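In our numbering, each residue's number is its place in the sequence shown (first place is 1) plus 252.
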Amino acid sequence: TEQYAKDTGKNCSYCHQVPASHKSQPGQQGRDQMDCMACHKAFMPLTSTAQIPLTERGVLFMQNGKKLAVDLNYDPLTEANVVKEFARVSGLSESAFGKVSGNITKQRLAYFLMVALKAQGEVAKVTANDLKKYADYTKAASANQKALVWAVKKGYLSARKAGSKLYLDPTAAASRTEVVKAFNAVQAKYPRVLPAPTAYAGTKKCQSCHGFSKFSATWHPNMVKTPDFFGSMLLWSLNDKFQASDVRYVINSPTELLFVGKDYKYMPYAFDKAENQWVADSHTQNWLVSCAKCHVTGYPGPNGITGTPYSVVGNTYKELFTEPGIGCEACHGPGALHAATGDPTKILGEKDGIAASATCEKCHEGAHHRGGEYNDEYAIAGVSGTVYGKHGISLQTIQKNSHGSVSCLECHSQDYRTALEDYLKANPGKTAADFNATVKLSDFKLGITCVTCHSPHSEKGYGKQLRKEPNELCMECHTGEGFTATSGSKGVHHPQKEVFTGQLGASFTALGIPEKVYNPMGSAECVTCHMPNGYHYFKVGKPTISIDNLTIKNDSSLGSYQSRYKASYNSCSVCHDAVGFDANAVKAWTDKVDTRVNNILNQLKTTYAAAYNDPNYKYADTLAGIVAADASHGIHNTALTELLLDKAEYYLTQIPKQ
Ligand code: HEC
Ligand code: HEC
Ligand code: HEC
Ligand code: HEC
Ligand code: HEC
Ligand code: HEC
Ligand code: HEC
Ligand code: HEC
Ligand code: HEC
Ligand code: HEC
Ligand code: HEC
Ligand SMILES: *[C@@H]1O[C@H](CO)[C@H](O)[C@H](O[C@@H]2O[C@H](CO)[C@H](O)[C@H](O[C@@H]3O[C@H](CO)[C@H](O)[C@H](O)[C@H]3NC(C)=O)[C@H]2NC(C)=O)[C@H]1NC(C)=O
Ligand SMILES: *[C@@H]1O[C@H](CO)[C@H](O)[C@H](O[C@@H]2O[C@H](CO)[C@H](O)[C@H](O)[C@H]2NC(C)=O)[C@H]1NC(C)=O
Ligand SMILES: *[C@@H]1O[C@H](CO)[C@H](O)[C@H](O[C@@H]2O[C@H](CO)[C@H](O)[C@H](O)[C@H]2NC(C)=O)[C@H]1NC(C)=O
Ligand SMILES: [Ca+2]
C-alpha cells in the first residue's frame, strides 16, 4: 500500500509486480519508477493485488509481519545478514554456516558461498599447485583457502594482477558488488519457480501471511498424526500386539485414537482417551483406500468423497497427499500460486461461493457424517409426500414470496448476513435498515449454510465450532419479539424463544399470565429434541421418527454411502422412557392441544366473527395464535400452553355476543 511505501521508503515496484509495458530498462525512466497513483488515480484505479501481485520481496515483507526482509542490495554487509539471506535462498540452516560476527570479508564470503552452493566436494578438488598460482593465498585462514580459489576459478570473486603476481586480498572487506554477485549465484542455483495452478502450499504457509493461528487447534488439521506427536502418553509398554514403529498414522478424534499400519490397514487396538487405555477395535479397512480421501489434503483432483489420495504400483501404495489432516486448502483449494503472489483470484473465497454448504458436504455428506442432511429431501416414514429440509430453502422462500424484501434475509440468507455485518464494520453508526438501501433482494444467492452456524476457522468454546451457545443460536432467528396481547393470529410469527422461555412480554401482564412461566421440560435444549445425536434433520420424533434421505439415496457420487440413506432417532428418551413413552402417549397430548386451539379459532371465525375490533376478542385470538405459530403443539412449554388455552377459552365467553 501507499502506507507501506512510506513506512519502508520503498518503491511500489519493490513489493508489487508491474506490467511489462511499464518496465524500466537500465538507465531508462519507465513507468515502473513513476508515481502509480497520479496516473491511475481515476482511469484504472489500483485497488487489489489481483492487478499488482506481490514480488518475492512483497511476499517476504508480508510473511515477516509486514517488516522488510534482509536485502543484500541495501542492508549492512555483516556476516549475519549474508548468512541470513544465503541460508534463506538455499534452504540450509543458518547454523550450517557456523559462528558469525563482524562485517563480511572476501575470504569468508567465499566460505559462505561454498556452504550455500553446497560445493564442499568441488572445493576439496583443488590442489596445492592451484593455491600457489596466488601470491597471498596463505594470508587466508586455512578454512577459506581452497574456497577462495574455487570462487575465483568459478568467477564468483576476482583476483588482481600486480606485475607477475595475482592477489586474492583475502582479508579485504567484501564490497557490496561482490556480495551481490555471490548472492546472484546462490539465486541462480535455487531459482524461484512460479507454482502451477494445481499445487498446494500447506497450512503453515497460509498462516505465515494471514495468521489464523487458532485454526491449528481445531480438529480438522489434527485428524491424522504420526505416533511421535503423542510423546509417551500412549503407554506403549501396555500394548502387546503392536508398537509405535509398527504404526504409520494415528487417526486423531476428540475421544479416540485409531492406528494405521505400514500396509495402511487399521490395527487391532484403539486408544481410549477418557480411560487412558488400549481397547479392542474391529476396524480392518484399508485407511488409504477407504478413508484418507476425507482425512488428508493436497492430492490431485477433487477432494472429499470422490477423492483419490493414493496411487497403487501393483501392490504397494504411494501417498499422493501432501498434508495430513484437513488444512486450509481442503476448503480454499490449491493455494501455492496464491501463496507466492497474494493474488486473490488464485484462491477460493466468498466470490467463488465458498460459503455454500457444498464446501463442507463433500466430506460431511449427510449419511454417516453429520451436517449434509440439513438441506436434503426427506421421506418421513408414515407421512406421504416428500419434503426438503427447510433451512436449505430459506432463501428461495423469500424469492418466491409476494411481499419478499431485503429485510427478511436477516434470518433467511447467509450471504446477506455476512454482507450486512461487513457494512456495519466499514460504516460504523449505520444501522441494518439503511444497508438495505444499497442492495436488491436479487443480489443474494445463499440460504442458510454450514457456516451460518459453524465457524470454519476456530472453536470459541461452545463445542462443534458453533458461533453461539446452542439455545442462543436457534433463538436468534426463531424469535417473535415485539408482538403484544393485541396482535392476533396473523400477527405473531415463530415465537419459539418466547414460548420456550415462557416469557411472552410485558403487555401480557394485564391478561393474568405471569412474567415468567417456567417450562416443565426447560432442562431440555432446542437441540435435545430437534438434533438428537447431532442429526441435522430438525424433524422431531414423537417420540421416534424414521427418515429416508432421498438426496443420499439418488446420488451415485457417494459410492457405498449411497445405500446408507436411512436415519432413525428418538427425540425424547434422554428424559422419557425409551420403550414405555410411545406415539400413543404423545398423540394424546398433541391431539388434545390441536383440538383446543382449532375450536378457539373456528368458533371465532364463525360464531364470534366480526367482533374483529373488540379489544377483548383480539386477546383470545393472540393467546391462541401463539400456540399455533409456535407450532409445537404446546410441547415447547406445556404449562404456558394450558395457561394460554384456558385464558383464551375464558376470554371468548367474556365477549359481547351478537
Ligand atoms: C452444513 C452441511 C453443516 C455441516 C457440515 C455441519 N453443520 Fe451443524 N450443528 C449445529 C448445532 C446446534 C450442532 C450441535 C448438535 C448437538 O448438540 O447435538 C451441530 C453439530 C454438528 C456436527 C457434530 C455432530 C455430532 O456428531 O455431534 C457437525 C460435524 C456439523 N454440525 C457439521 C448447527 C448447525 C446449523 C444451524 C441451523 C447449520 C445450518 C449447520 N449446523 C450446518 C452444518
Ligand atoms: C512492501 C514494503 C510494499 C510496498 C513498498 C508497497 N506495497 Fe502495496 N501492498 C503490500 C502488501 C504486503 C499488500 C497486501 C496487504 C494485505 O494485507 O492485503 C499490499 C497491498 C496493496 C494494495 C491492495 C489494496 C489494499 O490492500 O489496500 C494496493 C492497491 C497497493 N498495495 C498499492 C501500493 C502502491 C501504490 C505502492 C507504492 C506507493 C505500494 N503498494 C507499495 C506491500 C507493499
Ligand atoms: C502513466 C504515466 C502511468 C503511470 C505512472 C503508471 N501507469 Fe500503469 N498503466 C498506464 C496505462 C496508460 C495503462 C494501460 C496500457 C497498458 O500498458 O496496459 C496501464 C496499465 C496498468 C496495469 C494493467 C494490468 C496489466 O496490463 O498488467 C497495471 C496493473 C498497472 N498499470 C500498474 C501500474 C503500477 C504498479 C504503477 C506504478 C509502478 C503504474 N502502473 C504507473 C499508465 C501509467
Ligand atoms: C502472502 C504471500 C500470502 C500467503 C502466503 C497467503 N495469502 Fe491469502 N491473501 C494474501 C493477500 C495479500 C490477499 C488479498 C487481501 C486479502 O487479505 O483479502 C489474500 C487473500 C486471500 C483470500 C480471500 C480471497 C478473496 O476471494 O478475496 C483467501 C480466502 C486467502 N487469501 C486464503 C489463503 C490460503 C488458503 C493460503 C494458503 C494456501 C494463503 N491465503 C496464503 C496474502 C497471502
Ligand atoms: C474433508 C477435507 C472435510 C471438509 C471439506 C470439511 N470437513 Fe469438517 N471434518 C472432517 C473430518 C475428517 C472431521 C473429524 C476431525 C477429527 O479430528 O475428529 C471433521 C470435523 C468437523 C466438525 C467437528 C469438530 C468437533 O469439535 O468435533 C465440525 C463441526 C465440522 N467438521 C464442520 C465443518 C464445516 C462447517 C465445514 C465447511 C466449512 C467442513 N467441516 C468441511 C472433514 C471435512
Ligand atoms: C473449511 C473447513 C475451511 C478451512 C479448513 C479454512 N477455511 Fe477459510 N474460509 C472458509 C469459508 C467457508 C470462508 C467464508 C467465510 C464466510 O463466513 O463467508 C472462509 C474465509 C476465509 C478468508 C476470508 C476473509 C476472512 O475471513 O478473514 C480467509 C482470508 C481465509 N478463510 C483464510 C483461511 C486460512 C488462512 C485457513 C487455514 C489456517 C483457512 N482459511 C481454512 C472455509 C475454510
Ligand atoms: C468422507 C465421506 C469420509 C470418509 C470416506 C471417511 N470419513 Fe471419517 N469422518 C468424516 C467426517 C466429515 C467426520 C466428522 C463429522 C462426523 O459426522 O463425524 C468424520 C469422523 C470420523 C471419526 C471421529 C468420530 C468421532 O467419534 O468423533 C473417526 C474415528 C473416523 N471418521 C474414522 C473413519 C474411518 C475408519 C473411515 C474409513 C472406514 C472413514 N472415517 C472414512 C468423513 C469421512
Ligand atoms: C428472523 C427474526 C426472521 C425474519 C426477520 C423473517 N423471518 Fe421468515 N421465518 C423465520 C423463521 C424462524 C421461520 C420458520 C418458523 C416456523 O414457524 O416454522 C420463518 C418462516 C417464514 C415463511 C414460511 C411460512 C410458513 O411455513 O408458515 C415465510 C413465507 C417467511 N418466513 C417469510 C418472511 C418474510 C416475507 C420476511 C420479511 C418481511 C421474513 N420472513 C422475515 C425467521 C424470520
Ligand atoms: C437463521 C440463520 C436461523 C437459525 C440460526 C436457526 N433457524 Fe431454524 N429456520 C430458520 C428459517 C428462516 C426456517 C424456515 C425457512 C423456510 O424456508 O421455511 C427454519 C426452519 C426450522 C425448522 C423447521 C424445519 C423443517 O420443518 O424442515 C426447525 C425445526 C428449526 N428451524 C429449528 C431450529 C433449531 C433447533 C435451531 C438451532 C440448532 C435453528 N432452527 C436455528 C432460521 C434459523
Ligand atoms: C422437546 C421438548 C423440544 C424442545 C426442547 C424444542 N422443541 Fe421445537 N418442536 C418440538 C416438537 C415435538 C415440534 C413439533 C414439530 C413436529 O415434528 O410435529 C417442534 C416444532 C418446532 C418448530 C416448528 C417446526 C415445524 O414443524 O414447523 C420450530 C421452528 C421449533 N420447534 C423451534 C424450536 C426452538 C427455537 C427451540 C429452542 C427454544 C425448540 N424448538 C425446542 C419439540 C421440541
Ligand atoms: C428432559 C429435558 C425431557 C425431554 C428431552 C423431553 N421431556 Fe417431556 N417431560 C419431561 C418431564 C420432566 C415431564 C413431566 C413434568 C412434570 O414435572 O410433571 C415431561 C412431560 C411430558 C408430557 C406430559 C405433559 C403434561 O401432561 O403436562 C408430554 C406429553 C411430553 N413430556 C412430551 C415430550 C416429547 C414428545 C418429547 C420429545 C420431543 C419430550 N417430552 C422430551 C422431560 C423431558
Ligand atoms: C427435489 O429436488 C431434488 C434435487 O436433487 C430432485 O430434483 C427431486 O426429483 C424428484 O425425486 C423425487 C423422489 O425423491 C421424485 O421422484 C420426483 O418425482 C417426480 O416429480 C417430477 C415432477 O415434479 C416427475 O414428473 C415425476 O413423474 C414425479 N413422481 C411422482 C411423485 O409421481 C423427482 N422429480 C423428477 C423431475 O424426476 C426433487 N423432488 C421434488 C421436486 O419433489
Ligand atoms: C489395494 O488397493 C486396491 C484398490 O485400488 C484394492 O483395494 C486391493 O484389494 C485387494 O486386491 C488384491 C489383488 O490386488 C486381493 O485380491 C485382495 O483380496 C484384495 N483385498 C482384500 C482384503 O480382499 C488392494 N491390494 C492390496 C495389496 O491390498
Ligand atoms: C424466578 O422468577 C421469579 C419471578 O417469576 C423471580 O424473578 C425469581 O428471582 C428470585 O426472586 C426471589 C425474591 O422473590 C429471590 O430474591 C431471589 O434472590 C431471586 N433470584 C435472583 C438471585 O435473582 C426467579 N428465580 C430463579 C432462581 O430463577
Ligand atoms: Ca445435503
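Idealized CB from N, CA, C, for every residue including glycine.
Near ligand 3: residue i beta-carbon under 7 Å from a heavy atom
i    : result
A395 : no
Assumed close pair residue i, residue j - CB separation to whole angstroms, cut-off 8 Å
i           : j    : result
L647        : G699 : 4 Å
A876        : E711 : With a Cβ gap of about 43 Å, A876 and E711 do not count as contacting.
residue 199 : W471 : Here the chain comprises residues numbered 253 to 910, so residue 199 is not present and cannot be evaluated.
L810        : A619 : 7 Å
residue 196 : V476 : In the structure displayed, the chain extends from 253 to 910; residue 196 sits before or after that span and is not available.
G553        : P473 : Incorrect: roughly 21 Å between the Cβ atoms, too far for contact.
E629        : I557 : In fact, because the Cβ distance is near 18 Å, the residues do not count as touching under 8 Å.
Strand pairing of residue i, partner residues [DSSP]
i    : result
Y562 : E571
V548 : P576
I799 : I632 and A819
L509 : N504 and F523
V531 : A522
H706 : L718
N538 : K517
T357 : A425
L306 : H268
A414 : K417
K477 : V502
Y408 : Looking at the DSSP assignment, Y408 forms no beta bridge with any residue, so it has no partner.
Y640 : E629
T330 : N355
Any non-hydrogen atom of ligand 2 within 7 Å of residue i CB
i    : result
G601 : no
Cβ-heavy atom distance, residue i to ligand 5, below 7 Å
i    : result
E331 : no
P506 : yes
Heavy atom of ligand 1 within 7 Å of residue i beta-carbon
i    : result
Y626 : yes
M783 : yes
Distance cut-off 7 Å: residue i Cβ against heavy atoms of ligand 12
i    : result
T847 : no
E613 : no
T649 : no
Residue i: CB within 7 Å of a non-hydrogen atom of ligand 7
i    : result
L510 : yes
Check: residue i C-beta below 7 Å from any heavy atom of ligand 10
i    : result
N868 : no
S884 : yes
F752 : yes
Near ligand 15: residue i beta-carbon under 7 Å from a heavy atom
i    : result
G715 : no
Chain-ordered list of residues that sit, by beta carbon, closer than 6 Å to a heavy atom of ligand 13 = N538, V541, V564 and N567
Between the stretch 591 to 601 and the stretch 279 to 297, do at least 3 Cβ pairs fall closer than 8 Å?
-> no
Around ligand 11, what residues have a beta-carbon under 6 Å from a heavy atom of it, in chain order?
-> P772, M773, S775, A776, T780, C781, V792, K794, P795, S823, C824, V826, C827, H828, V838, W841, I887 and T890
Do the stretch 630 to 638 and the stretch 719 to 726 meet, that is, are 3 or more Cβ pairs less than 8 Å apart?
-> no
Three-pair Cβ contact test at 8 Å for the stretch 395 to 412 versus the stretch 340 to 359 | yes
Please determine if the stretch 331 to 351 and the stretch 434 to 451 are in contact, where contact requires at least 3 C-beta pairs separated by less than 8 Å.
-> yes
Three or more C-beta pairs closer than 8 Å, one from the stretch 788 to 796 and one from the stretch 814 to 830: is that the case here?
-> yes
Of all residues in the structure, which have a C-beta closer than 6 Å to any heavy atom of ligand 6, taken in chain order?
-> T455, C458, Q459, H462, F464, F467, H472, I578, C580, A582, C583, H584, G601, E602, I606, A607, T611, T670, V703, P708 and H709
Counting Cβ pairs, one atom from each stretch, are 3 or more of them under 8 Å apart for the stretch 449 to 458 and the stretch 581 to 590?
-> yes
How about the stretch 689 to 699 and the stretch 746 to 753: do they share at least three Cβ pairs that are nearer than 8 Å?
-> no
Check whether the stretch 863 to 878 touches the stretch 725 to 740, counting contact only when three or more Cβ pairs, one atom from each stretch, lie closer than 8 Å.
-> yes
Below 8 Å, can you find three or more Cβ-Cβ pairs linking the stretch 844 to 855 to the stretch 701 to 719?
-> no
Does the count of Cβ pairs from the stretch 534 to 543 and the stretch 516 to 523 closer than 8 Å reach three?
-> yes
Three or more C-beta pairs below 8 Å linking the stretch 418 to 437 and the stretch 374 to 384 | no
Contact set, ligand 12 heavy atom to C-beta under 7 Å = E629, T638, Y640, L802, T803 and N806
Using 8 Å as the Cβ pair cut-off and three pairs as the minimum, do the stretch 298 to 316 and the stretch 259 to 272 touch?
-> yes
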